[PDB]
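To keep things clear, I will list the structure first and then write my remarks on it.
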Amino acid sequence: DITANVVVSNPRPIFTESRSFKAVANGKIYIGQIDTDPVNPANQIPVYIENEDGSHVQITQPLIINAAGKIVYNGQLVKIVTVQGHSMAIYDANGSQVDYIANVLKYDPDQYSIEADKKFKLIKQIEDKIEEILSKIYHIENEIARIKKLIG
Amino acid sequence: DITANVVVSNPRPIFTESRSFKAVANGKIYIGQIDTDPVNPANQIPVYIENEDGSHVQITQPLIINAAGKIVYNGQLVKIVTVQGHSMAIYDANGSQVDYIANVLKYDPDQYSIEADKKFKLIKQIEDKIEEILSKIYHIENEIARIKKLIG
Amino acid sequence: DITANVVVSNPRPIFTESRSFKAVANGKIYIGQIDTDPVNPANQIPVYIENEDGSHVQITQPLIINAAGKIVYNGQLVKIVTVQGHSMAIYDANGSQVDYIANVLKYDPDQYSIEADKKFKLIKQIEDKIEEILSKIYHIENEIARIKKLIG
């Protein structure tokens with residue numbers, strides 16, 4: 003057949019209400035240290051827009067949710083990233099809490115390639131070191147054979 | 003620049019109809035062994051609410067979907083977990099099948115840290131063992147040099 | 003307690019408009035090489051329906067989105083896969099661009115088992131090779147002890 007395990011998916015998040023099927027239109031998102039209350043600025047962590055060229059621009063919290071339920075900045079849809087896993091709290095436009103998640107971690111595709119590069123390197127180092135160890139061993143075995151023959 | 007590969011996302015699932023843009027309001031979800039029919043109780047696997055403190059309480063199937071398309075128990079939104087990947091079947095409030103997926107596996111963030119801890123330990127064990135092997139080898143090399151000198 | 007880190011989730015994607023809370027009804031999706039414009043056929047990559055038995059049938063682009071926001075072929079909901087991470091562009095029924103994502107990578111559960119099998123094998127090979135190296139070393143140590151005793 004063929005091995006094909008990458009699924010066509012929608013990576014752009016949408017945020018909807020908790021009790022009705024509606025977007026959190028003009029809602030607010032706060033992002034903080036895991037297992038903390040991110041509405042408290044002391045718990046907040048840096049958030050960045052990732053631009054199309056892959057650069058990052060730090061922005062202020064809260065994140066804003068549009069009528070589609072999507073995060074926007076300056077009238078445009080944006081992808082927001084952090085360095086680490088994080089807590090999140092979502093509020094609706096009336097200031098009522100929609101949701102709270104203590105620990106959220108979704109990696110974008112760059113993390114997968116970084117990890118794959120790291121793994122590749124690691125395995126090469128171990129295998130290279132094993133091969134070098136075997137070469138040291140076979141040289142020793144040869145020295146031993148020579149000694150044995152020397153002494154009868 | 004900065005490396006930031008954690009994307010702000012919405013980890014709370016929503017369940018919607020297959021032919022119209024609507025929540026599966028008062029729908030039902032069944033969870034079972036991979037590649038099985040989970041409506042059959044003999045194929046069902048334990049499901050648990052994961053509470054805010056991280057504890058688990060086993061609950062009965064089906065899981066219930068509210069007007070927002072979100073899983074609820076006892077009038078509150080809940081996160082449901084299983085130990086293993088699983089099949090899932092979704093029915094609407096009229097008893098009509100909405101969807102069936104044979105094999106679903108989404109890990110929450112705790113799995114990532116468990117795996118990272120396991121990896122860290124593993125690599126340390128291999129590297130420690132390599133270093134110990136090299137130390138054994140260099141001691142042997144030294145014994146061999148001494149022998150060589152002894153016998154001319 | 004119990005370790006349960008598989009979260010009940012909805013793996014079937016839905017595609018919604020960018021400025022209103024609505025499905026991209028009768029929309030179109032194009033899938034291509036990462037960081038390319040997938041509306042250009044020269045940038046497109048093979049897309050396949052993954053059938054219930056796990057087989058694959060290649061289909062033509064664009065992918066079509068129904069009134070629910072879900073991908074359909076021949077009047078039925080389908081799961082679409084590619085071999086590699088990919089770019090994606092979404093258009094609405096009027097030909098207006100809804101979204102563009104340069105690099106999308108979501109693995110279905112089969113990738114996790116392939117990777118787990120590969121990891122298991124790898125670690126077994128390294129550990130087996132370490133054990134064999136130690137056995138070579140202990141045999142050498144024994145030969146050295148014998149030599150030492152022979153020569154005083």
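Chains B, B' and B'' supply the protein sequences, listed in that same order. A prime marks a further copy of an entry chain.
Here the deposited numbering is used: position 67 in the first sequence is 69, and no number is missing along the way.
Here the deposited numbering is used: position 29 in the second sequence is 31, and no number is missing along the way.
Here the deposited numbering is used: position 39 in the third sequence is 41, and no number is missing along the way.
Here a beta-carbon is modelled for each residue, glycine too, at the ideal position from N, C-alpha and C.
Residues of the region 8-26 of chain B'' with a C-beta atom less than 7 Å from some C-beta of chain B' are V8, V9, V10, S11, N12, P13, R14, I16, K24 and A25, listed in chain order. Taking the Cα of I92/B as reference, the smallest distance to any Cα among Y102/B, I61/B, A70/B and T84/B is reached at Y102/B. Contacts with chain B' at 9 Å (Cβ-Cβ) do not include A44/B. Given a length threshold of 3 residues, each whole run of the beta strand (DSSP E) inside the region 44-128 of chain B' is given here in chain order: 49-52, 58-61, 65-67, 73-75, 82-84, 88-93 and 99-106. By the C-beta density criterion, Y140/B is exposed, having fewer than 16 other C-beta atoms within 10 angstroms. Within the model, the alpha-carbon separation for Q60/B versus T84/B' is close to 37 Å. Excluding residues up to 5 positions away in sequence, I36, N105, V106 and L107 lie with their Cβ nearer than 7 Å to the Cβ of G87/B' in the same chain. Identification of residues in the region 103-115 of chain B having a C-beta nearer than 7 Å to some C-beta of chain B' yields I103, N105, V106, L107, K108, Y109, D110, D112 and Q113, given in sequence order. Sequence-distant partners of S22/B'' (beyond 5 residues in either direction) whose C-beta falls short of 6 Å from its own C-beta are missing from its chain. Within 9 Å of the CB of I67/B, no CB atom of chain B'' is found; the nearest one sits about 11 Å away. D37/B is outside the set of residues whose beta carbon lies under 9 Å from a beta carbon in chain B''. Distance from the CA atom of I135/B' to the CA atom of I116/B'', rounded to whole angstroms, is 32 Å. Neighbourhood of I31/B' in chain B, by CB distance below 8 Å: empty, with the nearest CB roughly 17 Å away. The three-state secondary structure of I36/B'', taken from DSSP, is coil.
Listed in chain order, the positions of the region 79-90 of chain B'' with a beta carbon within less than 9 Å of a beta carbon of chain B are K81, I82, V83, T84, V85, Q86, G87, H88 and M90. Secondary structure at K24/B': coil, using DSSP grouped into helix, strand and coil. The shortest C-alpha to C-alpha distance from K81/B to any of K24/B, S89/B and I66/B is the one to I66/B.
The contact set of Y50/B on chain B', defined by CB atoms closer than 8 Å, consists of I4 and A6 in chain order. Three or more Cβ pairs closer than 8 Å define a contact, and the region 67-78 of chain B' meets that threshold against the region 8-20 of chain B'. Between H58/B'' and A6/B, the C-beta gap is smaller than 9 Å, which places the two residues in contact.
The C-alpha of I125/B'' lies about 11 Å from the C-alpha of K121/B'. For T62/B'', the closest of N53/B'', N68/B'', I47/B'' and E54/B'' by C-alpha to C-alpha distance is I47/B''. In chain order, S20 make up the part of chain B'' whose C-beta sits under 7 Å from the C-beta of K72/B. Among the residues of the region 123-135 of chain B', those with a Cβ less than 9 Å away from any Cβ of chain B are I125, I128, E129, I132 and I135, in the order of the chain. Within a 10 Å sphere around the beta-carbon of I142/B'' sit 16 or more other beta-carbons, which makes this residue buried.
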